[PDB]
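Protein chains in written order, with the authors' numbering: chain A, 494 to 543; chain B, 34 to 323, 330 to 493; chain C, 198 to 247; chain D, 25 to 444; chain E, 692 to 740.
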Ligand SMILES: *[C@@H]1O[C@H](CO)[C@@H](O[C@@H]2O[C@H](CO)[C@@H](O)[C@H](O)[C@H]2NC(C)=O)[C@H](O)[C@H]1NC(C)=O
Ligand SMILES: *[C@@H]1O[C@H](CO)[C@@H](O)[C@H](O)[C@H]1NC(C)=O
Ligand SMILES: *[C@@H]1O[C@H](CO)[C@@H](O)[C@H](O)[C@H]1NC(C)=O
Ligand SMILES: *[C@@H]1O[C@H](CO)[C@@H](O)[C@H](O)[C@H]1NC(C)=O
Ligand SMILES: *[C@@H]1O[C@H](CO)[C@@H](O)[C@H](O)[C@H]1NC(C)=O
Ligand SMILES: *[C@@H]1O[C@H](CO)[C@@H](O)[C@H](O)[C@H]1NC(C)=O
Ligand SMILES: *[C@@H]1O[C@H](CO)[C@@H](O)[C@H](O)[C@H]1NC(C)=O
Ligand SMILES: *[C@@H]1O[C@H](CO)[C@@H](O)[C@H](O)[C@H]1NC(C)=O
Ligand SMILES: *[C@@H]1O[C@H](CO)[C@@H](O)[C@H](O)[C@H]1NC(C)=O
Ligand SMILES: *[C@@H]1O[C@H](CO)[C@@H](O)[C@H](O)[C@H]1NC(C)=O
Ligand SMILES: *[C@@H]1O[C@H](CO)[C@@H](O)[C@H](O)[C@H]1NC(C)=O
Ligand SMILES: *[C@@H]1O[C@H](CO)[C@@H](O)[C@H](O)[C@H]1NC(C)=O
Ligand SMILES: *[C@@H]1O[C@H](CO)[C@@H](O)[C@H](O)[C@H]1NC(C)=O
């Protein structure tokens, strides 16, 4: 019964990675665990229809 | 093979039922020579331990030792662990001081216990706290040893649980309390659930100070482990009626069934190790005088008659039988709940109040509240299987669902609720700041009088 | 005004039942009405409470 | 009116010194009618019948203090455990004097064990004093002995609770293997160079040989070991310029016996001034009743404060350890032990000798070198991360955009599809 | 972010039966007129528009 991460966070916290260069969705949960930089992109959400 | 079962008991437990424990047991006998030696010892000194080990180890090379204890001495299990380290013989501890929890074993020792460690007990107690939404709590740790592992296990469990526990800082002790500096740390406490890890003679003074400081209220809870709760007969009057304890002392399973399961585990390990290697019986000849194939890391995979009796890396059981008890108003340790493989069972899912801990406690603040299942008002849904916790706007409740129409017996299934009236009741609890008792009705609809019966 | 309920003392405090009413205090301004002799004990108890 | 003291001691000269200390203990304590008898037992190469002989002899003697004073034992087990367990059956304090294992620190296991030597984890606090001097934050832990490894991790987290920093790499494994150089190279790729080691002599010599073959003992590599790692073939395999610790009078038995006699004698003369006097019964035959003043005499031993001895201010904590311990800090200059520091109970002072490092200058090597090659990981974002297969062999077709901007690609490494 | 939203548990229970591996799978699925809506960032879908 242990919490674990995966993906880019799982590869970063394991020491195999150094810096995630990706459009990281900034939230309150990941701010508690790692430190954040200044955002380069500023945008919102939308719905893809046809 | 040759297994000796020696028992040190004060109650009149005879020996011939152990002689009858050889015949019908192990019907599919894979070892060609299975023999048991049943012995009873009246004294509890380690001199008799060394003497009987030197007798039975030289007694035609007995490879199995089974011991149960009736006293309250935890050093006997440490002596048997030293004997298992010196003689390289798998030794099992059954009851009493032979089953009391020790911290760390050795690779040279093949001693094992049929019990429940403090880490799995803390897991069960935090499971109880998760199942009750008792998220605001505290922790008081004394100078009783084995305490920093307990604090670190609580810290890792809070860091690895979906609750996000609102934990007050740890009230630490240095000596017996002066009631000068410990008074400031005890007056920091304003939460309900209080956890404690100490001995019994310390707990008497702790509960005396808590009654002197008024920490035994109806809101305030007290959950203690099994090591502080000693004999069932010796209960001092300073204990609050409603004291939550968790101990694996099950009166439904006697010592004979436990040693039968231990013999089943021993014969299972011997039969599974004989299929891999040939020269399995290898012991020491005698004590006077100046190993590769061992069962130390072999019987982790074991299952006897469907009972999940598997062993851990530390040497304890994977799924033991924990028993959740409370203290009733009649000053008795009342058996309440039992524990499943990993999940927890609750015979009394309705949490009792025990609101009058003492005689002079005039308290009438709880309110019994019932509602009815309507879709735009009380959305009644299942508990989340990913978290096993109602989410922060939903509140838990119970529902007495019957099994059939044949019996009137049912189960109080706990579910989550949200909606309009749930928000109304939560805002009433915010404004008035009371305590509520929310549940569901199982009789039926709103109301109808049938011959002066609603 | 946001007024909390009146904490009424009874006798020289046992620090058992009065402490329950003192732990209910979550406000900022504490209004005390007593004599000079009991004020020392009340301020010492409040300092012990933090 | 008698007090018996049991001892497991070998040499006749130190037995005579022990009896002389017992005789001189009643000198300054007046003409009071208390008597002091001493009973010392010798060796047998086994351990079961030794435990039998010592336990029934101390039951027949009814002693109050039990002492084991054998450093140079050929068996590397170092276990006075069964006599301490037998005394803990009646809650009688055994004063261990030689070993420093962390299994004795657990008072839940060793119910009535006291000692005047600390475990090696307190040396990490001395190494935390290094963090108070050399201002180093990121460390690399390597512990093979898992019986003390959890206690070392606990003490390390207790030390790091103040600064609220984190250890960069911790390692626990089974002692006896040899192919641990992969984790050594993984620690070498990290920014820090601080190496904390806690093992026996064999694993220390193994990792010394592993650092010597892979040249992990060059410039900036911080090495910081203790007394167990500078003995045997580990001292032969040690590189020059390594910093180690030394226990002052750690093996000097003659003054240590007199210090133990003074501690036990003042504890007995303190206990004689109080009431509720109980005696150990004849527990060999027909007596299982425990000695009722076990925790009471333990509480007497908790507040024991002393002012006599060549070592100095001996004092027990809540764990019964040693307070205010003089330590030495040694350096290995061209296969010669050179003293470079002294340590009181709170502060390190280097002596007039210089501190010559295995790397460059005599000042501290800042072994915190940031990664000049930052490992970049990303996800395949469709308008942002364009991934194109190579043309012939690991090459990128340098195509040009419509705005005169050449695309500066990079050789990345990626999987092909999902795992099923 | 929707799991923090304690008032949209219905969408959390609905979208769990149709979660895809990558966003390009959703682009291909709505390209075949099999999807109907997809919550995504702004400028990526602006570039794809
Ligand atoms: C060894 O002992 C001496 C005397 O106890 C220590 O000197 C005092 O130590 C405390 C704590 O560091 C300081 O606050 C005092 O100012 C010191 N006293 C003096 C000299 O003013 C000393 O620190 C210890 N170690 C050494 C030699 O540095
Ligand atoms: C029981 O105690 C008696 C002494 O009263 C002793 O002779 C005997 O060996 C003990 N063991 C048994 C048989 O229980
Ligand atoms: C455990 O033992 C049984 C014995 O039949 C074996 O079949 C099984 O593969 C083993 N593995 C497990 C489930 O641990
Ligand atoms: C208990 O037993 C069942 C049947 O083996 C098993 O599937 C389950 O995982 C165990 N856990 C529970 C529900 O206690
Ligand atoms: C009672 O049990 C029978 C068994 O078939 C079942 O069909 C019936 O639905 C049950 N009644 C209820 C509603 O509990
Ligand atoms: C069982 O009781 C329920 C109560 O509503 C009833 O609806 C159902 O018909 C009963 N089943 C039978 C057939 O006994
Ligand atoms: C005092 O100690 C000596 C040496 O161990 C021992 O021979 C003697 O029995 C003890 N005193 C008594 C009881 O005469
Ligand atoms: C095996 O041990 C040797 C010791 O010199 C070492 O050089 C080698 O790297 C090890 N192999 C692995 C897999 O680490
Ligand atoms: C060993 O030392 C040589 C110089 O003598 C150096 O070139 C080499 O990099 C060292 N080995 C490693 C991998 O550290
Ligand atoms: C260290 O050893 C010597 C000889 O054993 C003795 O004087 C005493 O034990 C200690 N004192 C010193 C520093 O000489
Ligand atoms: C011994 O201890 C008991 C319990 O604390 C105490 O009542 C008694 O006064 C003590 N004995 C004497 C003579 O002081
Ligand atoms: C260390 O040794 C010095 C010199 O003997 C002494 O003054 C000091 O008190 C010792 N450290 C302690 C015990 O604090
Ligand atoms: C990688 O994927 C591509 C596209 O499906 C395929 O052409 C190629 O063969 C794959 N690589 C393998 C399986 O060698």
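Each residue gets a CB set at the ideal place from its N, CA and C atoms; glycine is no exception.
Contacts of residue i in chain E (Cβ-Cβ under 7 Å)
i: residue 536(A); result: 732, 733 and 734
i: residue 431(B); result: 697
Residue span of the beta strand (DSSP E) that contains residue i, given as start and end
i: residue 74(B); result: 68-74
i: residue 35(B); result: 35-41
i: residue 405(B); result: 405-410
i: residue 185(B); result: That residue, residue 185(B), is in no beta strand (DSSP E); its alpha helix (DSSP H) goes 181-192.
i: residue 60(D); result: 59-65
Proximal residues of chain B, C-beta to C-beta of residue i below 7 Å
i: residue 203(C); result: Near residue 203(C) there are no residues of chain B at all, since even the closest Cβ is about 16 Å away, more than 7 Å.
Contact list for residue i against chain D, beta-carbon separation under 7 Å
i: residue 501(A); result: 401 and 403
i: residue 729(E); result: Going along chain D, no residue has its Cβ under 7 Å from residue 729(E), so there is no contact; the nearest lies around 13 Å.
Residue i Cβ short of 6 Å to ligand 7 heavy atom set
i: residue 61(D); result: yes
Same chain, Cβ closer than 7 Å to residue i, five either side skipped, listed in chain order
i: residue 135(D); result: 112 and 115
i: residue 424(D); result: 430
i: residue 468(B); result: 475
i: residue 28(D); result: 61, 63, 85, 86, 87 and 88
Interface partners of residue i on chain B, CB under 8 Å
i: residue 521(A); result: Ordered by position in chain B, no residue passes the 8 Å Cβ test against residue 521(A), which lies about 12 Å from the chain.
N-terminal and C-terminal residue of the alpha helix (DSSP H) that residue i is part of
i: residue 229(D); result: 225-237
i: residue 183(D); result: 170-187
i: residue 87(B); result: 79-90
i: residue 166(B); result: No alpha helix (DSSP H) holds residue 166(B); DSSP gives it neither H nor E.
Near ligand 4: residue i beta-carbon under 6 Å from a heavy atom
i: residue 379(B); result: yes
i: residue 382(B); result: yes
Close-in-space but distant-in-sequence residues of the same chain around residue i (CB under 6 Å, 5 per side omitted)
i: residue 368(B); result: 274
i: residue 363(B); result: 279, 375 and 376
Ligand 2 heavy atom lying under 6 Å from the CB of residue i
i: residue 311(D); result: no
i: residue 367(B); result: no
Residue i Cβ short of 6 Å to ligand 3 heavy atom set
i: residue 520(A); result: no
i: residue 432(B); result: no
8 Å CB neighbourhood of residue i in its chain, flanking five on each side removed
i: residue 76(B); result: 41
i: residue 519(A); result: 529 and 532
i: residue 151(D); result: 220 and 248
Check: residue i C-beta below 6 Å from any heavy atom of ligand 11
i: residue 297(D); result: no
i: residue 202(B); result: no
i: residue 300(D); result: yes
Amino acids of chain A, ordered along the chain, whose beta-carbon sits closer than 8 Å to that of residue i
i: residue 395(D); result: 511
Within chain D, the residues that residue i reaches when beta carbons sit closer than 8 Å
i: residue 78(B); result: 113, 307, 308, 311 and 312
Cross-chain neighbours of residue i in chain D, by beta carbon under 9 Å
i: residue 712(E); result: 442
Closer than 6 Å: residue i CB and nearest ligand 6 heavy atom
i: residue 53(B); result: no
i: residue 482(B); result: no
Contact set between residue i and chain C, taken where Cβ atoms lie within less than 9 Å
i: residue 246(B); result: 212, 213 and 216
Residue-chain proximity (residue i, chain F), Cβ-Cβ < 7 Å
i: residue 715(E); result: This model lacks chain F altogether; the protein chains it does include are A, B, C, D and E.
Near ligand 5: residue i beta-carbon under 6 Å from a heavy atom
i: residue 443(B); result: yes
| message | Strictly closer than 5 Å from CB to any heavy atom of ligand 10: give me those residues in the order they appear in the chain. | response | Going along the chain, the residues that qualify are 276(D), 278(D) and 279(D).
| field | Beta carbon shell of ligand 9 at less than 7 Å from a heavy atom | value | 238(D), 239(D), 240(D) and 242(D)
| message | Residues around ligand 12, please: the condition is that the C-beta lies closer than 6 Å to some non-hydrogen atom of it. | response | 336(D), 337(D), 348(D), 350(D), 368(D) and 369(D)
| Which residues have a Cβ closer than 7 Å to any heavy atom of ligand 13, listed in chain order? | 440(D) and 441(D)
| query | Around ligand 8, which residues pass a check of Cβ closer than 5 Å to any of its heavy atoms? | reply | 202(D), 203(D), 205(D) and 206(D)
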